[PDB]
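Chains as they are written, first to last, in UniProt numbering: chain A, 9 to 157; chain B, 2 to 149; chain C, 41 to 206; chain D, 78 to 185; chain E, 33 to 324; chain F, 41 to 216, 261 to 348; chain G, 51 to 145. The beta carbon of each residue, even a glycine, is placed where N, CA and C say it ideally should be. What follows is a single structure, written as C-alpha cells, with notes after it.
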Amino acid sequence: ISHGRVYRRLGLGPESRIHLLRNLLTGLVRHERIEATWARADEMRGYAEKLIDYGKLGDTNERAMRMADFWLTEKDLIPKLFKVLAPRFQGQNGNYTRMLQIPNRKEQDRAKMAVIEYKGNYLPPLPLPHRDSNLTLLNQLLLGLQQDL
Amino acid sequence: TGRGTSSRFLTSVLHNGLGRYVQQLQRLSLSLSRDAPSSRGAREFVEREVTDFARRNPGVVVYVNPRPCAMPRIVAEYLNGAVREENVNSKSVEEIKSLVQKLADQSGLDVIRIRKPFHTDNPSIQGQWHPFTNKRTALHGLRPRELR
Amino acid sequence: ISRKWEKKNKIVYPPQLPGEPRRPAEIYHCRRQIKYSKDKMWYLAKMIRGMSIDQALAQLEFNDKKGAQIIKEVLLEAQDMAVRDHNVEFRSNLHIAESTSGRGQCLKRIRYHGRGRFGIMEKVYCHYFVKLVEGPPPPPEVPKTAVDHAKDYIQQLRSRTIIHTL
Amino acid sequence: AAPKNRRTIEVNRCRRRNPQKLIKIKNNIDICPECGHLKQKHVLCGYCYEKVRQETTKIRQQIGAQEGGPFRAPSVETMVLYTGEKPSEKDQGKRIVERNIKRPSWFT
Amino acid sequence: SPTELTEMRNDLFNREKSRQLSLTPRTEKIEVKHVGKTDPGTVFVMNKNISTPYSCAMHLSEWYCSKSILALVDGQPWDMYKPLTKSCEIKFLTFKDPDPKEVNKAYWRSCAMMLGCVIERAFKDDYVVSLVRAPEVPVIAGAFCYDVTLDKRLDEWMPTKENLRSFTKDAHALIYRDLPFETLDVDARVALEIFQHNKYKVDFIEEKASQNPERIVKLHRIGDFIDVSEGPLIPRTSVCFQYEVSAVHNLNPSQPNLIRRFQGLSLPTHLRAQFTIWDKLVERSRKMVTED
Amino acid sequence: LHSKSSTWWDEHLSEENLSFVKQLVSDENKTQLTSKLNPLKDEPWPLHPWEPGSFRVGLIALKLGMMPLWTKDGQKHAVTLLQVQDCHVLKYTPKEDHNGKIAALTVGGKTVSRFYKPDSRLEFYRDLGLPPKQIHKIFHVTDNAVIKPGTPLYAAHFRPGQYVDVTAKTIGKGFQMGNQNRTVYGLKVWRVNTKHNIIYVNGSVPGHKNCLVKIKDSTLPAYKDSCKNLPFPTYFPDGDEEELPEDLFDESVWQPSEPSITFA
Amino acid sequence: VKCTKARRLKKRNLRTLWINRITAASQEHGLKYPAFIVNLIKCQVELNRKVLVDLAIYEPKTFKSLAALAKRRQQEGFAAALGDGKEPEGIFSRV
RNA sequence: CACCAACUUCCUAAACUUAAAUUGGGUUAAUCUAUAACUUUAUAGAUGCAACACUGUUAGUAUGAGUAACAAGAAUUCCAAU
Ligand SMILES: [Zn+2]
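Here's what the structure looks like:
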C-alpha cells in the first residue's frame, strides 16, 4: 500500500530520517560525491537541489543561515555553501545534483547502489553514457530524410 | 504377470514342415565325472542308452567329455541359434532319457505366451467385409437426397 | 566416497581410424566438497543446462546467489584444462552439455535453545557435476505444428492392428 | 498440526521444477566499451570505475594531508592539478591540489 | 535454360576454389598480431590461406564473432571469412564503429547483390532477364539501387504492390536460409567466360580489371548466384533483419532494352527499427535515386 | 552472443535525431487528425431519418474533475467535468456478424504515443489513418444510426438537459478490491463547452481523475426516446448549418455574470 | 492371484464378444441372433460361435448363403407353426 | 414363444470330490565337523541355522522443508583512521 506516497520511510523515525538525511547532506557537501543506496539517494536529491537555492538567496538571509546551520553539522561548510557552491551554480537554474546507478554491492545483501554528486565539481568526471553518433547507418538514413524535408 | 511378461504370435522358423521336417537340435555336449554321486544316473545312461539315441538320431552332434566336474551338465544348441543348458546333478537314467527326448522334439523358438494359436497368410478368400458391402445401389449412382 | 567423475576425464579413446570423423571433445569437471545445499544449487544447474559457455558465464556474472559464483569458478577451471590438456583450439566453442549437483558428507551438531529445548544442527555439503562438450549448444527443439500432429494421428490410425480377431 | 503422510519425491520434484520456481535467464547483459567487460544496460562499468574510485581516494588523500585538520573545509573553490600542469590566472583564489601523477587521459 | 548457366557457373567457381587450395601446399604458420583497440597485442599463429578472421574471433570469445562484421588487416578492410595470407596486424570492425561508412558500404554492396539474385530467380525460366550493374549510391540516398534490363516481351509489365511483397518474401527466405557469402578473386579471362552471356557484366568485369594492374576481379557467390562486387560484402545473409522492395523505376532512354532500377531498404539485426520509423523510411525509399 | 536483446525506441536514436523524431511525431499526428476533420466530405454513408427505438453511439471522455454549480433557484449542485479527446469511429461491426439484435460501433479517444505500443495496434491504426487511441470500447448502435469509420465525434453530440449514463473502472484498493467496471445511471447534463469539448454531468462518476470514461444515452425507461430532438446520427461540425455557442447552458442553470438571484 | 482369477473370466468374455459380433452381422441381414442359432440347429449344423464370427468376417458370401439357409429354415419353421403339424416336413426341414 | 447366464454338468487332456485351534506323515534354505568332491557338489554327524510387523535395539537416509528460525548507526581521506 504505497499509492500516492510522496515520502520514504527511512531510519527509525521521521526525526531519524531528517538526521540521516542531514548526515548525508553534510557528507555530500564536504566531498561533493557520495555513494549510497538508490532509495535513499533519490529521497535526498530533492533536498540538495533546494539547498543550493538557499545559498543563492544570499548570505545575509536569516532563514538561509538558520537552514544552513541546521542541515550542516560541520560549521566550516557554512562559508563554503555561500562562497563555493552558491557562486558555482549562479548560472544554473537547477539540476545541480547528478544521480546515477552504480552496480549493486556484493555484500551478501545486494543493495541497490547509486552515486549522487554536485555538478560543476572539480572531481574527476563520472563515466557517463554517450549517445550514439549521427554517423551510424540509421542516423545517416534519418539525415537523408532531414535533408529531403 | 502377463502385463509384466512378453508375448508373441504363432510362427515357424522357416516353414520347416512344408517340404520336409528338419530337427532344430544340432549339437549336444555332455560333461561327466568318473567318481561323483550326482553323475551316477548319467554314468549308467552312457553305458546303456547313449548309443541307442545316437543311432535313432544320427544328425545331432554329441560330445561326451568325462572330466573332474562338480556338477554334470548338458548343453544343447539349435540351428536357429538357441542354446540351452541343463544340469544333470543327481538325476536318474530315466529322467535323463526323457529330458533328451524332450530337447530333441523342442525347437529353438522362444517359449512365451502366444497371443493367437493360429497363423494364416490368406485369412480371406471371399473378401473382407467393408461398409459398402450389402448396400443397395441406385440408378445413375444418385447420392441420397440428390434431386438431380 | 566415489570419485568416478574424475575417472571419466582419464578415459583414453582408441586411435581414430582414417575413416572416422574428428571426435568431439568431452570434459567432465566437479567440485566434491562445497559448503552449499545441493537442492539450492540444482536450481542453478537446471537453468544452465544446454547453454553456451559464454552465455552461462555472462549470466553467472550478474547472479545474486553464492552458488552461481562457485559454478562460474568451476566452469573456468574446466575450460582452462580443456585448452591446456584436451587440445581445445577456440575457447568460445564450448557449451554446457550436463550440469547437476550431488550430496556431500555433512557434519552433525546439536542446536541449543534458550528455553531448554534442543535441535539437530547439520553442516550441509554437496558435490557438483558438469560435462562440457566442445562446440556450440545444440539448436533448440521446434514444437510440432498442427499439420505434423494431424499426419501422425492419421499414421497412428493406420498403424492400428485389429485386436482379438481371427 | 503435522503432515498426515510423507510427501513423495515425485510430487516434491514437480513443485521445485515448476517454471515459476526455476531460475530465469537475463537478456539485459551489455558490454563496457571502455573496459571491454560485461555490464547491464541500466548498470555502469566497474573495471573503469575501479580506477575512478581509487583515484578519488588518492586525490582525497592528498586533500586530507593538505588540510591537516578537521573542520578545515575552505570557503573558496578547489581545483586539482597534476604534474606537468601549471596554475593559470583563472586558478587564482582557489584551493589547488597537486598530484604527483600526470594528468589521466580519462580525466580532463 | 537459366539453370544450365548456374550449373556451369557453379562448377567453374568450385574448380577455381580447388586450384587455389592446391596452389598452397601444407599449412604455413603466420604470426598475426591483434592491433584492435580491445585486447591489443595478442598474437595468433594461424594457417596461411586457410585461417579466416572468424577463426580468431572464435579463439577469443563468442562476442567477437557476433559483433565482428569486418577485419582490418594491416589497415586494409578484409572479409571476416577471407582466409589470411601472411603475418599482419588485424583489427575487428563492428556495426557500432565511430565511422561505419566503410562498414555501411559493404552492407550496401551485399544488399544490392542479394537484390540481384532475387530478380533473376523471381521470374519464370521462360522470361529472359539480364542484370546490367549495381549502381553505388550513398546511404543518405535512402535506398540501395540495382539496375536490370528486361526483354522486349516485358516492356509493358510493371510490378504491382503484391508483386513487390512477393519479392520481399523471396528475399526474406534468403535471409532465413542464411547463406554465407563466398568470396573469390578471379582473373578477368576466367570471369569473362563465366559471364560471357551477359554483355553488361562483361564490361563491368573489364572496368575492375582495368583499375588494378593485374586482371584479378572480386567475385562473390551466394549459393548458386554469383556476381561481381565493388568491395567487401557481408559474411552472411542472416545479418539483415528488415527487408523491403520499396519501388522500381524504369529508365526513360531504354529503347534497346528496358532498364529498371529497383529501390530497396534493409536493416541489420544489430540495428532494428521501430514500425513507424520503418514505414517512413520505406516511404522515403520509394523515390527515384539518381547518382551524383 | 547470437541471442535476443532488449531494445527501446530511444536505444538507437541520437540526440539530434531524437529531437527530430519528437517533432515528426507531432507533425504526423496533426496531419492525420486534420485529414479526418471532414467526415461529410469523405463519402459519408447514407443518412437515415430518426424513428422510435433508435440508439445513437456514445463517446469516451476523460475525467477532468469536479466544481460547484449554481442554478437560477439558488440551489448549489456539484458537477463533474468530462473532456472528449480525439474521439473517432474506428471499426463498424455488421449486425449479423456481431449480434442479431443490434449492430455495434467501436470508438476510441485520447490519442497515445506510438513508441511503446505493439506493431499490430499500429498497423490497424495506420490503415484507419489515425494515431493510436488509449482505449477501445464498443457501442450498440442501430443500423440507421451507423456512421462510417474515421468520423470525428465531438462533445456537442450531447446537449444540456439530457440525462446520460457513464461507466468507468472503479478505483483499485489493493489486497484487503476495486478495478472493476461500474455504471452510474440518471446523471443530468447541465452545460457543454464546445471550444474545449467539455460536458458537465450531474453527480459523481466512478474512477480516479484523468481516467477515461464511457458516455452513452440514458437507458432508463423514462428517457426511452430522447434522441428525436437531438442530432440523430451525431453532431457534424462539418455541416456547420448554424454555428453553436461556445458554452451551452441549461435553462435552469444560472449563468455567470447574471444578476444576483433574489428569492422574491 | 489377479492373473489366476482372470483366467476364468477371460474365456467367458471372449464368448460374449463372439456372440455380439454375430448379432451385429445377423441384424444386418435382418435375422435376429436367436433365430439364426435355432435354425442352424434345426439344420443339423454344429458350427461353434467363434467359427461363426470367422465365416462372416472372411467369407461374407458364404455367410449370406448361411443366412439364407437359416432364413429358409425359419420360413419353413413359420410354415410348420402355421401348418400346426398336419403338413409334412419341409424339403429343407427333413432330418 | 426364445436367448443369455455358475468348473453345476458335458466335451479334449487330466482329475477322482466342499472351512481352522489341534493331531499324523513327507521335504527343505543356510553354517560347521567327519569322509569325499574341486568354478562349488555327495553321504553322515552337529547347530548362536531362515522375520513385511514386539509405540523392538543400533546405524544410515528421507518426509515435514529449503519451511520455523535467526543478523551489523551514518559519511569519508579508512577496522586498533577521522
Ligand atoms: Zn570500462
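Can a CB atom of chain D be found closer than 8 angstroms to the CB of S46(F)? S46(F) counts as touching chain D.
Bridge partners of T200(E), per DSSP? Answer is none; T200(E) lacks a bridge partner.
Can you pull the chain B residues whose beta carbon is under 9 angstroms from the beta carbon of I107(G), in chain order? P124, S125, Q129, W130
Measuring from the CB of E111(D), is there a heavy atom of ligand 1 at a distance below 7 angstroms? yes
Here's a check: name, in chain order, each residue in its chain whose Cβ is nearer than 8 angstroms to the Cβ of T112(G), leaving out the five neighbours to either side. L105
Would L102(F) and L332(F) be called neighbours here (beta carbons separated by less than 8 angstroms)? no
Following the continuous beta strand (DSSP E) through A44(A), name the residue where it begins and the one where it ends. 41-45
Counting pairs of beta carbons, one from the stretch 57-64 of chain C and one from the stretch 110-120 of chain C, are three or more of them closer than 8 angstroms? no
Would the stretch 45-53 of chain A and the stretch 106-123 of chain A be scored as touching if the rule is three or more Cβ pairs under 8 angstroms? yes
What in chain C is Cβ-close to residue 49(D), meaning under 7 angstroms? Outside the displayed span of chain D (78 to 185) sits residue 49(D), for which this structure offers no information.
Beta carbon proximity, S92(C) to chain E, threshold 8 angstroms: Interface annotation, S92(C): in contact with chain E, CB-CB separation under 8 angstroms.
Report the rounded CA-to-CA distance for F257(E) versus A96(C), giving the unit in angstroms. For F257(E) and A96(C), the gap between their C-alpha atoms comes out near 39 angstroms.
Applying a beta-carbon distance threshold of less than 7 angstroms, which residues of chain C neighbour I106(D)? Per Cβ cutoff of 7 angstroms: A98, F102.
Can you check which of these residues, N136(E), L104(E), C143(E), is closest to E276(E) by C-alpha distance? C143(E)
Nearest-angstrom Cα distance between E45(B) and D111(B)? 32 angstroms
Go to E138(C), then tell me how far its alpha helix (DSSP H) extends in each direction, as first and last residue. For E138(C), there is no enclosing alpha helix (DSSP H); the enclosing beta strand (DSSP E) has its first and last residue at 134-152.
Would you grab the beta carbon distance between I291(E) and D157(E) for me? Rounded to a whole angstrom, and I think it's under 8 angstroms. In fact, because the Cβ distance is near 22 angstroms, the residues do not count as touching under 8 angstroms.
Can you check whether the C-beta of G141(D) is within less than 8 angstroms of a C-beta belonging to chain A? no
Using a Cβ-Cβ cutoff of 9 angstroms, what residues of the stretch 44-76 of chain E are near chain D? List them in chain order. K69, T70, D71
Cβ of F184(D) within 8 angstroms of Cβ of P132(A)? In this structure, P132(A) lies closer than 8 angstroms to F184(D) by Cβ.
Does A119(A) pass the burial test, meaning 16 or more other C-beta atoms within 10 Å, or should it be called exposed? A119(A) counts as exposed, since fewer than 16 other C-beta atoms from the protein chains shown sit within 10 angstroms of its C-beta.
Roughly how many angstroms lie between the CA atoms of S93(E) and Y124(D), to the nearest whole one? 19 angstroms
Quick one: grab the DSSP three-state call for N289(E). coil
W140(E) CB to nearest chain C CB: under 8 angstroms? Chain C, which has no Cβ nearer than 8 angstroms to the Cβ of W140(E), makes this no.
Which residues of chain A have a Cβ atom closer than 9 angstroms to the Cβ of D324(E), listed in chain order? The contacting residues do not exist; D324(E) stays about 12 angstroms from chain A at best.
Is the Cβ-Cβ distance between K105(C) and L99(D) less than 8 angstroms? If you check the CB distance, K105(C) and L99(D) do not come in under 8 angstroms.
Could you say if the stretch 172-188 of chain E and the stretch 312-324 of chain E meet the contact criterion of at least three C-beta pairs nearer than 8 angstroms? yes
Since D334(F) and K300(F) should fall inside the 8 angstroms C-beta cutoff, what is the C-beta to C-beta distance between them, to a whole number of angstroms? That belief does not hold up - the Cβ atoms of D334(F) and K300(F) are roughly 20 angstroms apart, past 8 angstroms.
So with CB distances below 7 angstroms, who are the chain C contacts of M78(E)? Under the 7 angstroms cutoff, chain C gives no residues; its nearest Cβ is about 11 angstroms from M78(E).
Less than 8 angstroms between the C-beta atoms of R68(B) and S40(B), yes or no? no
Hey, would you say the C-beta of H119(D) is under 7 angstroms away from at least one heavy atom of ligand 1? no
Who pairs with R253(E) in a beta bridge, going by DSSP? Within the DSSP bridge table, the entry for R253(E) names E214(E), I258(E) as partners.
Distance check for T81(A) and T140(C), CA to CA, integer angstroms please. 56 angstroms
Is any beta-carbon of chain C found at less than 8 angstroms from that of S83(E)? no
Can you list, in chain order, the residues of its chain with a C-beta nearer than 7 angstroms to that of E63(E)? Leave out the 5 residues immediately preceding and following it. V75, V77, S119
At a cut-off of 7 angstroms, is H138(A) close to ligand 1 when judged by its beta-carbon and the heavy atoms of the ligand? no
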